[PDB]
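Accompanying notes for the structure given below.
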Amino acid sequence: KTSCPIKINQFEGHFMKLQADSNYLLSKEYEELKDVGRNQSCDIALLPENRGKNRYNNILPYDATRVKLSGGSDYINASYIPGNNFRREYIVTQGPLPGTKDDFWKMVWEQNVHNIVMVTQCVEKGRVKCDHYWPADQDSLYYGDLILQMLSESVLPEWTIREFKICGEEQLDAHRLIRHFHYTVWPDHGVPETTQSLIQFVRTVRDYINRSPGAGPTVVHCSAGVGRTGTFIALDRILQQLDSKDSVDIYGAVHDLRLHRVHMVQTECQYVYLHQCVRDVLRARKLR
Ligand SMILES: CCOC(=O)C(CCNC(=O)OC(C)(C)C)(Cc1ccc(NS(=O)(=O)O)cc1)C(=O)OCC
Ligand SMILES: [Cl-]
Ligand SMILES: [Cl-]
Ligand SMILES: [Mg+2]
Ligand SMILES: [Mg+2]
């Protein structure tokens, strides 16, 4: 299986069948995804000199899809995800470490990123999951050769939107505005409390992207840059399918992400959640 399309008019019943006998068919599907993509090298990532640049030593970018930094140490734990129409729709990455904050912002600048989506908290169940890689207050900071200033921070019920200005130090006139969307209510290895919340967050970000008169790739990260990051991007793609086609292909969406990075949609619960979001959108639409 590379794809399992479901006609939208059949989705409700198909989902009930997938859930039958304690999610038997859903589990069978999820398990079929287990080895997708795994026939690719993680060689550059496994170099001793790059070891300390990886948050989790099992979660490494493939050579064929890794993002390269300019200059003499080109390594960051980050992977390009191609779009349906053109390469590099997203860059998926881990939560930056103290020693990779500069690399993260260097990647942002070099790849012409204008929007960042963060789907982890910095600290969860008492563990650091992502370092606090932007300024704490309103003062400018250098991160390597870039200057970063926070312009606004808008705390909303379930996510916070921040705007930053970033300048290359050699050309202070040529700044860029970066928007950062931080979803604050998603437990690691788990799912948000409602489908409605993540659906609206994804639609919100998608609307902002669509007004970012084409930017570069959207960066999406969590702690490892696979579970919550993968579920987010999967839901973005699936919601676009529901707006364009009369079939939806959740298996194909996750399959295609796994071709580009390990563990995208990292738990069966997350895979089930994607089905619940589709179910919920379609239920509403049936009556409207
Ligand atoms: C380096 C080895 O680490 C792993 O294998 C991780 C983390 C395991 N640790 C963990 O969950 O700790 C607490 C339960 C106390 C929070 C690496 C990891 C960490 C977080 C995620 N979620 S994501 O941030 O949503 O990607 C995914 C993988 C793992 O579970 O791998 C699964 C393939
Ligand atoms: Cl790509
Ligand atoms: Cl695209
Ligand atoms: Mg370095
Ligand atoms: Mg520094």
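Ligands are numbered from 1 in the order shown, chains are lettered A, B, ... in the order of the structure tokens, and residues start at 1 in each chain.
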
Subject >> 12 Å shell around ligand 2 using only C-alpha atoms and all ligand atoms, listed as an MDAnalysis selection string >> reply: chainID A and resid 62 64:67 78:92 111 216:218 256:257 259:261

Resulting file, chosen residues, N, CA and C atoms, as an mmCIF file, in the first residue's frame:
```cif
data_model
loop_
_atom_site.group_PDB
_atom_site.id
_atom_site.type_symbol
_atom_site.label_atom_id
_atom_site.label_comp_id
_atom_site.auth_asym_id
_atom_site.auth_seq_id
_atom_site.Cartn_x
_atom_site.Cartn_y
_atom_site.Cartn_z
ATOM 1 N N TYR A 62 17.220 11.854 7.134
ATOM 2 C CA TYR A 62 17.835 11.114 6.018
ATOM 3 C C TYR A 62 18.757 11.993 5.185
ATOM 4 N N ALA A 64 19.126 12.143 2.018
ATOM 5 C CA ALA A 64 18.481 12.583 0.788
ATOM 6 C C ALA A 64 17.517 13.738 0.995
ATOM 7 N N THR A 65 17.129 13.990 2.243
ATOM 8 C CA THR A 65 16.118 15.013 2.489
ATOM 9 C C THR A 65 16.519 16.012 3.566
ATOM 10 N N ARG A 66 17.737 15.900 4.104
ATOM 11 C CA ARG A 66 18.204 16.838 5.143
ATOM 12 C C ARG A 66 18.392 18.263 4.654
ATOM 13 N N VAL A 67 18.249 19.222 5.568
ATOM 14 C CA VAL A 67 18.466 20.620 5.224
ATOM 15 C C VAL A 67 19.941 20.907 5.506
ATOM 16 N N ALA A 78 17.078 18.480 10.601
ATOM 17 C CA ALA A 78 15.934 19.077 9.950
ATOM 18 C C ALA A 78 15.796 18.427 8.588
ATOM 19 N N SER A 79 14.558 18.289 8.127
ATOM 20 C CA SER A 79 14.281 17.564 6.876
ATOM 21 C C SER A 79 13.313 18.373 6.029
ATOM 22 N N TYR A 80 13.515 18.361 4.718
ATOM 23 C CA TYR A 80 12.564 18.991 3.829
ATOM 24 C C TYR A 80 11.394 18.028 3.567
ATOM 25 N N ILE A 81 10.168 18.554 3.578
ATOM 26 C CA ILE A 81 9.006 17.829 3.113
ATOM 27 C C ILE A 81 8.507 18.479 1.810
ATOM 28 N N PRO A 82 8.508 17.721 0.698
ATOM 29 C CA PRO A 82 8.046 18.328 -0.541
ATOM 30 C C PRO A 82 6.532 18.493 -0.469
ATOM 31 N N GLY A 83 6.016 19.454 -1.240
ATOM 32 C CA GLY A 83 4.612 19.680 -1.442
ATOM 33 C C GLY A 83 4.090 18.873 -2.618
ATOM 34 N N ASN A 84 2.782 18.914 -2.813
ATOM 35 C CA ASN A 84 2.201 18.215 -3.967
ATOM 36 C C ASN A 84 2.577 18.871 -5.289
ATOM 37 N N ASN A 85 2.939 20.151 -5.224
ATOM 38 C CA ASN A 85 3.167 20.915 -6.432
ATOM 39 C C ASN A 85 4.620 21.373 -6.633
ATOM 40 N N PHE A 86 5.383 21.399 -5.548
ATOM 41 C CA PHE A 86 6.760 21.899 -5.626
ATOM 42 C C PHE A 86 7.481 21.465 -4.352
ATOM 43 N N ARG A 87 8.816 21.419 -4.410
ATOM 44 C CA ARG A 87 9.639 20.948 -3.290
ATOM 45 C C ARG A 87 9.524 21.883 -2.094
ATOM 46 N N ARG A 88 9.987 21.399 -0.941
ATOM 47 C CA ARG A 88 10.242 22.237 0.224
ATOM 48 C C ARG A 88 8.999 23.003 0.671
ATOM 49 N N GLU A 89 7.845 22.336 0.760
ATOM 50 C CA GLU A 89 6.674 23.014 1.346
ATOM 51 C C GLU A 89 6.878 23.275 2.837
ATOM 52 N N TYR A 90 7.476 22.294 3.501
ATOM 53 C CA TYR A 90 7.812 22.426 4.922
ATOM 54 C C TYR A 90 9.266 22.068 5.189
ATOM 55 N N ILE A 91 9.791 22.597 6.290
ATOM 56 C CA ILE A 91 10.974 22.024 6.931
ATOM 57 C C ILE A 91 10.548 21.550 8.303
ATOM 58 N N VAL A 92 10.816 20.279 8.598
ATOM 59 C CA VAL A 92 10.484 19.729 9.881
ATOM 60 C C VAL A 92 11.780 19.601 10.677
ATOM 61 N N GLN A 111 16.817 29.747 4.319
ATOM 62 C CA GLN A 111 15.738 29.091 3.601
ATOM 63 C C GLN A 111 14.541 30.005 3.382
ATOM 64 N N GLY A 216 8.947 31.161 1.714
ATOM 65 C CA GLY A 216 9.659 29.922 1.749
ATOM 66 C C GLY A 216 8.879 28.840 2.468
ATOM 67 N N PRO A 217 9.608 27.776 2.759
ATOM 68 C CA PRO A 217 9.053 26.622 3.439
ATOM 69 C C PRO A 217 8.533 27.089 4.801
ATOM 70 N N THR A 218 7.444 26.475 5.234
ATOM 71 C CA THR A 218 7.003 26.674 6.620
ATOM 72 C C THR A 218 7.785 25.724 7.511
ATOM 73 N N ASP A 256 3.458 9.350 2.697
ATOM 74 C CA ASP A 256 4.324 10.323 2.047
ATOM 75 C C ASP A 256 5.210 11.097 3.021
ATOM 76 N N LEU A 257 4.731 11.370 4.229
ATOM 77 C CA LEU A 257 5.606 12.000 5.189
ATOM 78 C C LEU A 257 6.722 11.040 5.658
ATOM 79 N N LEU A 259 8.196 8.800 4.012
ATOM 80 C CA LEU A 259 9.246 8.749 2.990
ATOM 81 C C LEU A 259 10.341 9.799 3.229
ATOM 82 N N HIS A 260 10.007 10.852 3.973
ATOM 83 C CA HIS A 260 10.919 11.996 4.128
ATOM 84 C C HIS A 260 11.575 12.137 5.491
ATOM 85 N N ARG A 261 10.972 11.535 6.516
ATOM 86 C CA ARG A 261 11.506 11.558 7.897
ATOM 87 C C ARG A 261 10.917 10.425 8.737
#
```

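Excluding residue 221 of chain A itself and same-chain residues fewer than 2 positions from it, the residues having an atom within 6 Å of it are residues 92, 93, 94, 118, 225 and 229 of chain A, counting only C-alpha atoms.
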
Selection: 12 Å around residue 10 of chain A, only C-alpha atoms, excl. self and same-chain fewer than 3 positions, as a PDB file with C-alpha atoms, in the first residue's frame:
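Result saved to selection.pdb:
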```pdb
ATOM      1  CA  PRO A   5      -8.277   6.627  -0.661  1.00  0.00           C
ATOM      2  CA  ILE A   6     -11.756   6.710   0.857  1.00  0.00           C
ATOM      3  CA  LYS A   7     -14.688   8.336  -0.996  1.00  0.00           C
ATOM      4  CA  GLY A  13     -19.048   3.931   7.652  1.00  0.00           C
ATOM      5  CA  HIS A  14     -15.480   3.135   6.624  1.00  0.00           C
ATOM      6  CA  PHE A  15     -14.223   4.708   9.855  1.00  0.00           C
ATOM      7  CA  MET A  16     -16.690   2.632  11.924  1.00  0.00           C
ATOM      8  CA  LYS A  17     -15.321  -0.466  10.162  1.00  0.00           C
ATOM      9  CA  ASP A 246     -14.271  13.857  -3.233  1.00  0.00           C
ATOM     10  CA  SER A 247     -11.928  11.291  -1.639  1.00  0.00           C
ATOM     11  CA  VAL A 248      -9.515  11.575   1.267  1.00  0.00           C
ATOM     12  CA  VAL A 278     -11.869  13.942   9.078  1.00  0.00           C
ATOM     13  CA  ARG A 279     -14.954  12.262  10.508  1.00  0.00           C
ATOM     14  CA  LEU A 282     -17.424  15.460   7.099  1.00  0.00           C
ATOM     15  CA  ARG A 283     -20.278  15.046   9.593  1.00  0.00           C
ATOM     16  CA  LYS A 286     -23.123  16.357   5.286  1.00  0.00           C
TER      17      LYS A 286
END
```

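Comparing A:172, A:119, A:238, A:155 by their smallest distance to ligand 1, the closest is A:119 (using only C-alpha atoms and all ligand atoms).
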
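Between residue 115 of chain A and the residues A:152, A:197, A:22, A:212, the shortest atom-to-atom distance, using only C-alpha atoms, involves A:212.
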
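Taking only C-alpha atoms and all ligand atoms into account, ligand 4 has within 9 Å the residues residues 53, 73, 75, 99, 100, 101, 102 and 103 of chain A.
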
**OP:** Report as a PyMOL selection string: the residues of segment 16-220 of chain A with a DSSP assignment of alpha helix (DSSP H), based on the backbone of this structure.
**Re:** chain A and resi 16-32+43-46+101-110+195-210

Generate the output file for the selected residues, N, CA and C atoms, as a short mmCIF file (atom, residue, chain, number, x, y, z; two decimals), in the first residue's frame.
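Printed below is part_11.cif as written:
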```cif
data_model
loop_
_atom_site.label_atom_id
_atom_site.label_comp_id
_atom_site.auth_asym_id
_atom_site.auth_seq_id
_atom_site.Cartn_x
_atom_site.Cartn_y
_atom_site.Cartn_z
N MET A 16 -16.10 3.55 10.96
CA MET A 16 -16.69 2.63 11.92
C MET A 16 -16.14 1.22 11.72
N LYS A 17 -16.00 0.80 10.48
CA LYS A 17 -15.32 -0.47 10.16
C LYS A 17 -13.86 -0.52 10.61
N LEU A 18 -13.11 0.56 10.42
CA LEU A 18 -11.73 0.61 10.87
C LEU A 18 -11.60 0.48 12.39
N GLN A 19 -12.62 0.95 13.11
CA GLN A 19 -12.60 0.97 14.57
C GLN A 19 -13.13 -0.34 15.15
N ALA A 20 -13.81 -1.12 14.33
CA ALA A 20 -14.43 -2.38 14.80
C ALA A 20 -13.38 -3.30 15.41
N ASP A 21 -13.82 -4.17 16.33
CA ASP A 21 -12.93 -5.14 16.96
C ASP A 21 -11.67 -4.49 17.54
N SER A 22 -11.88 -3.48 18.38
CA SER A 22 -10.79 -2.75 19.02
C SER A 22 -9.76 -2.16 18.05
N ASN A 23 -10.25 -1.37 17.10
CA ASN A 23 -9.38 -0.73 16.10
C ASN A 23 -8.55 -1.76 15.32
N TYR A 24 -9.07 -2.97 15.08
CA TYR A 24 -8.26 -3.99 14.41
C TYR A 24 -7.70 -3.57 13.04
N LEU A 25 -8.55 -3.03 12.17
CA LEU A 25 -8.09 -2.66 10.83
C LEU A 25 -7.26 -1.39 10.83
N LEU A 26 -7.58 -0.46 11.72
CA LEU A 26 -6.75 0.72 11.88
C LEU A 26 -5.34 0.33 12.35
N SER A 27 -5.24 -0.62 13.28
CA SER A 27 -3.91 -1.02 13.75
C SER A 27 -3.12 -1.69 12.64
N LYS A 28 -3.79 -2.53 11.86
CA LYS A 28 -3.17 -3.22 10.72
C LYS A 28 -2.58 -2.20 9.74
N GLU A 29 -3.34 -1.17 9.42
CA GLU A 29 -2.85 -0.10 8.57
C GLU A 29 -1.64 0.62 9.14
N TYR A 30 -1.76 1.05 10.40
CA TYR A 30 -0.70 1.81 11.03
C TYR A 30 0.62 1.00 11.01
N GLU A 31 0.50 -0.30 11.23
CA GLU A 31 1.65 -1.18 11.29
C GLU A 31 2.32 -1.35 9.92
N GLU A 32 1.52 -1.29 8.87
CA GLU A 32 2.00 -1.37 7.48
C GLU A 32 2.89 -0.16 7.17
N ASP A 43 23.51 8.92 7.24
CA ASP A 43 24.98 8.90 7.38
C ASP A 43 25.57 10.19 7.95
N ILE A 44 25.26 11.32 7.32
CA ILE A 44 25.76 12.61 7.82
C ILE A 44 25.33 12.84 9.27
N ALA A 45 24.05 12.57 9.54
CA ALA A 45 23.56 12.65 10.92
C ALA A 45 24.26 11.78 11.96
N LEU A 46 24.86 10.67 11.53
CA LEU A 46 25.48 9.71 12.44
C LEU A 46 26.97 10.00 12.67
N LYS A 101 20.62 26.62 18.65
CA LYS A 101 19.82 27.82 18.44
C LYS A 101 20.31 28.65 17.24
N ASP A 102 21.62 28.88 17.13
CA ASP A 102 22.11 29.70 16.00
C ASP A 102 21.84 29.00 14.69
N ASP A 103 22.02 27.68 14.67
CA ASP A 103 21.78 26.89 13.46
C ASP A 103 20.32 26.98 13.05
N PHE A 104 19.42 26.97 14.03
CA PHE A 104 17.99 27.03 13.72
C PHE A 104 17.71 28.37 13.02
N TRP A 105 18.24 29.48 13.53
CA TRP A 105 17.90 30.78 12.96
C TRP A 105 18.64 30.98 11.64
N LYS A 106 19.80 30.35 11.53
CA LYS A 106 20.56 30.40 10.26
C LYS A 106 19.73 29.69 9.18
N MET A 107 19.14 28.55 9.54
CA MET A 107 18.28 27.83 8.61
C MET A 107 17.07 28.68 8.23
N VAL A 108 16.44 29.28 9.23
CA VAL A 108 15.33 30.20 8.97
C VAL A 108 15.66 31.28 7.94
N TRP A 109 16.83 31.89 8.13
CA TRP A 109 17.22 33.01 7.28
C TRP A 109 17.55 32.51 5.86
N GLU A 110 18.39 31.48 5.79
CA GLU A 110 18.90 30.97 4.51
C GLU A 110 17.81 30.34 3.66
N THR A 195 -10.82 17.46 18.45
CA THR A 195 -10.49 17.65 17.03
C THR A 195 -10.64 19.13 16.65
N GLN A 196 -11.60 19.83 17.25
CA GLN A 196 -11.96 21.19 16.77
C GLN A 196 -10.76 22.13 16.90
N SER A 197 -10.07 21.98 18.03
CA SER A 197 -8.95 22.85 18.35
C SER A 197 -7.84 22.76 17.30
N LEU A 198 -7.37 21.55 17.00
CA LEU A 198 -6.26 21.41 16.03
C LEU A 198 -6.73 21.74 14.62
N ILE A 199 -7.97 21.38 14.28
CA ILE A 199 -8.49 21.74 12.97
C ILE A 199 -8.45 23.26 12.80
N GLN A 200 -8.89 24.00 13.82
CA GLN A 200 -8.94 25.45 13.69
C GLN A 200 -7.53 26.03 13.69
N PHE A 201 -6.62 25.44 14.44
CA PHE A 201 -5.22 25.91 14.45
C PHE A 201 -4.61 25.71 13.07
N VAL A 202 -4.76 24.51 12.52
CA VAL A 202 -4.24 24.25 11.17
C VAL A 202 -4.85 25.19 10.13
N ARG A 203 -6.18 25.37 10.13
CA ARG A 203 -6.82 26.32 9.21
C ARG A 203 -6.33 27.74 9.35
N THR A 204 -6.12 28.16 10.60
CA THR A 204 -5.61 29.49 10.89
C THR A 204 -4.21 29.68 10.28
N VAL A 205 -3.31 28.74 10.51
CA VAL A 205 -1.94 28.85 10.01
C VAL A 205 -2.00 28.83 8.47
N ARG A 206 -2.80 27.91 7.92
CA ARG A 206 -2.95 27.78 6.46
C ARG A 206 -3.46 29.09 5.87
N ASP A 207 -4.43 29.73 6.53
CA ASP A 207 -4.86 31.03 6.05
C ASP A 207 -3.75 32.06 6.08
N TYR A 208 -2.93 32.09 7.13
CA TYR A 208 -1.81 33.03 7.19
C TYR A 208 -0.78 32.74 6.10
N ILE A 209 -0.50 31.46 5.88
CA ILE A 209 0.42 31.09 4.80
C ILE A 209 -0.08 31.61 3.47
N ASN A 210 -1.38 31.48 3.24
CA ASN A 210 -1.93 31.76 1.93
C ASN A 210 -1.89 33.26 1.62
#
```

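Using only C-alpha atoms, the nearest neighbour of residue 142 of chain A within the list A:157, A:190, A:72, A:168 is A:168.
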
List the spatial neighbours of residue 133 of chain A as a PDB file with N, CA, C and O atoms, in the first residue's frame - criterion: any atom at most 8 Å away, only C-alpha atoms, same-chain residues fewer than 2 positions off excluded.
```pdb
ATOM      1  N   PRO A  96      15.100  23.131  19.037  1.00  0.00           N
ATOM      2  CA  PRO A  96      16.519  23.457  19.146  1.00  0.00           C
ATOM      3  C   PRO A  96      17.135  23.227  20.530  1.00  0.00           C
ATOM      4  O   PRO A  96      16.457  23.375  21.547  1.00  0.00           O
ATOM      5  N   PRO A  98      20.571  24.143  23.228  1.00  0.00           N
ATOM      6  CA  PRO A  98      21.413  25.317  23.473  1.00  0.00           C
ATOM      7  C   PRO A  98      22.452  25.527  22.370  1.00  0.00           C
ATOM      8  O   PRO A  98      22.657  26.650  21.906  1.00  0.00           O
ATOM      9  N   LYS A 101      20.616  26.616  18.650  1.00  0.00           N
ATOM     10  CA  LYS A 101      19.815  27.818  18.437  1.00  0.00           C
ATOM     11  C   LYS A 101      20.305  28.645  17.240  1.00  0.00           C
ATOM     12  O   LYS A 101      19.492  29.085  16.419  1.00  0.00           O
ATOM     13  N   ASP A 131      14.461  24.035  23.710  1.00  0.00           N
ATOM     14  CA  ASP A 131      15.059  25.138  24.452  1.00  0.00           C
ATOM     15  C   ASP A 131      14.383  26.450  24.039  1.00  0.00           C
ATOM     16  O   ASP A 131      13.693  26.491  23.017  1.00  0.00           O
ATOM     17  N   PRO A 135      14.097  35.517  21.928  1.00  0.00           N
ATOM     18  CA  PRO A 135      14.339  36.401  23.063  1.00  0.00           C
ATOM     19  C   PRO A 135      13.254  36.307  24.137  1.00  0.00           C
ATOM     20  O   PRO A 135      12.082  36.062  23.828  1.00  0.00           O
TER      21      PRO A 135
END
```

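Ranking A:141, A:161, A:234, A:174 by their shortest atom-to-atom distance to ligand 5, with only C-alpha atoms and all ligand atoms included, puts A:141 first.
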
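Taking only C-alpha atoms and all ligand atoms into account, ligand 3 lies nearest to A:215 out of the set A:117, A:215, A:177, A:33.
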
Compute the set of protein, DNA and RNA residues whose minimum atom distance to ligand 1 is at most 7 Å, using only C-alpha atoms and all ligand atoms, and state it as a short mmCIF file (atom, residue, chain, number, x, y, z; two decimals) with N, CA, C and O atoms, in the first residue's frame.
```cif
data_model
loop_
_atom_site.label_atom_id
_atom_site.label_comp_id
_atom_site.auth_asym_id
_atom_site.auth_seq_id
_atom_site.Cartn_x
_atom_site.Cartn_y
_atom_site.Cartn_z
N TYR A 56 17.68 13.61 20.06
CA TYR A 56 17.36 12.21 20.29
C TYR A 56 18.19 11.43 19.27
O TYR A 56 18.04 11.63 18.06
N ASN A 57 19.08 10.57 19.75
CA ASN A 57 19.99 9.91 18.82
C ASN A 57 19.35 8.88 17.88
O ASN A 57 19.95 8.52 16.86
N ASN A 58 18.12 8.45 18.17
CA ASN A 58 17.34 7.60 17.24
C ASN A 58 16.54 8.37 16.18
O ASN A 58 16.06 7.80 15.20
N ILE A 59 16.40 9.68 16.37
CA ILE A 59 15.59 10.49 15.47
C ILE A 59 16.49 11.41 14.64
O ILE A 59 16.85 12.51 15.08
N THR A 120 5.02 21.94 20.57
CA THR A 120 5.43 21.37 21.86
C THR A 120 5.43 22.52 22.85
O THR A 120 5.57 23.71 22.49
N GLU A 124 7.98 19.61 29.58
CA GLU A 124 6.82 18.73 29.69
C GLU A 124 7.19 17.62 30.66
O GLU A 124 8.30 17.09 30.58
N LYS A 125 6.24 17.29 31.54
CA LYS A 125 6.47 16.28 32.57
C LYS A 125 7.88 16.42 33.17
O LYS A 125 8.60 15.43 33.30
N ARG A 127 10.70 17.55 32.05
CA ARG A 127 11.85 17.40 31.15
C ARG A 127 11.91 18.57 30.16
O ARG A 127 10.86 19.02 29.68
N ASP A 188 2.94 15.40 24.70
CA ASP A 188 3.85 14.56 23.93
C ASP A 188 3.33 13.13 23.85
O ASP A 188 2.72 12.67 24.82
N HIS A 189 3.53 12.47 22.71
CA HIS A 189 3.01 11.11 22.45
C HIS A 189 1.49 10.98 22.48
O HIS A 189 0.96 9.88 22.58
N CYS A 222 8.43 20.17 16.96
CA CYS A 222 7.92 19.84 18.28
C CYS A 222 9.17 19.57 19.11
O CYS A 222 10.09 20.40 19.14
N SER A 223 9.26 18.42 19.75
CA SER A 223 10.50 18.14 20.48
C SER A 223 11.43 17.31 19.58
O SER A 223 12.57 17.70 19.33
N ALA A 224 10.95 16.17 19.08
CA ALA A 224 11.75 15.37 18.15
C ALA A 224 11.52 15.74 16.67
O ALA A 224 12.29 15.33 15.78
N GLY A 225 10.44 16.48 16.40
CA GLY A 225 10.09 16.85 15.03
C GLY A 225 9.52 15.70 14.22
O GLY A 225 9.72 15.64 13.02
N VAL A 226 8.81 14.79 14.89
CA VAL A 226 8.13 13.69 14.20
C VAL A 226 6.67 13.40 14.56
O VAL A 226 5.85 13.24 13.66
N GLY A 227 6.35 13.30 15.84
CA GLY A 227 4.99 12.91 16.25
C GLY A 227 3.98 14.02 16.02
O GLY A 227 3.10 13.93 15.17
N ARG A 228 4.14 15.08 16.79
CA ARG A 228 3.19 16.16 16.77
C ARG A 228 3.40 16.94 15.46
O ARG A 228 2.44 17.36 14.83
N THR A 229 4.66 17.13 15.09
CA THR A 229 4.96 17.78 13.79
C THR A 229 4.32 17.03 12.63
O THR A 229 3.65 17.61 11.76
N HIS A 263 9.26 8.22 11.66
CA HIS A 263 8.27 8.36 12.73
C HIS A 263 7.22 9.44 12.55
O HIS A 263 6.48 9.73 13.50
N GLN A 266 3.64 9.62 15.11
CA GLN A 266 4.54 8.71 15.79
C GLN A 266 3.79 7.64 16.59
O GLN A 266 4.42 6.68 17.02
#
```

Original post:
If you run DSSP on this backbone, which residues of segment 13-228 of chain A come out as strand (DSSP E), and could you give them as a PyMOL selection string?
Top reply: chain A and resi 66-68+75-81+90-93+115-118+123-124+127-128+141-143+146-155+159-168+171-183+218-221

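You will find atom CA of residue 160 of chain A at 13.8 Å from atom CA of residue 178 of chain A.
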
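Each of A:164, A:138, A:148, A:237 was compared to ligand 5 using only C-alpha atoms and all ligand atoms, and A:148 turns out to be the nearest.
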
**OP:** Tell me, in Å to one decimal, how far atom CA of residue 244 of chain A is from atom CA of residue 1 of chain A.
**Re:** 22.7 Å

Write out as a PDB file with C-alpha atoms, in the first residue's frame each polymer residue whose atoms come within 12 Å of residue 170 of chain A, counting only C-alpha atoms; drop sequence neighbours fewer than 5 positions from it.
```
ATOM      1  CA  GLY A 144      25.367  33.941  15.423  1.00  0.00           C
ATOM      2  CA  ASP A 145      25.339  36.439  12.549  1.00  0.00           C
ATOM      3  CA  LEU A 146      21.636  37.322  12.829  1.00  0.00           C
ATOM      4  CA  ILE A 147      19.880  39.803  15.078  1.00  0.00           C
ATOM      5  CA  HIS A 175      15.007  42.756   7.623  1.00  0.00           C
TER       6      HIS A 175
END
```

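We find atom CA of residue 97 of chain A and atom CA of residue 121 of chain A to be spaced 13.8 Å apart.
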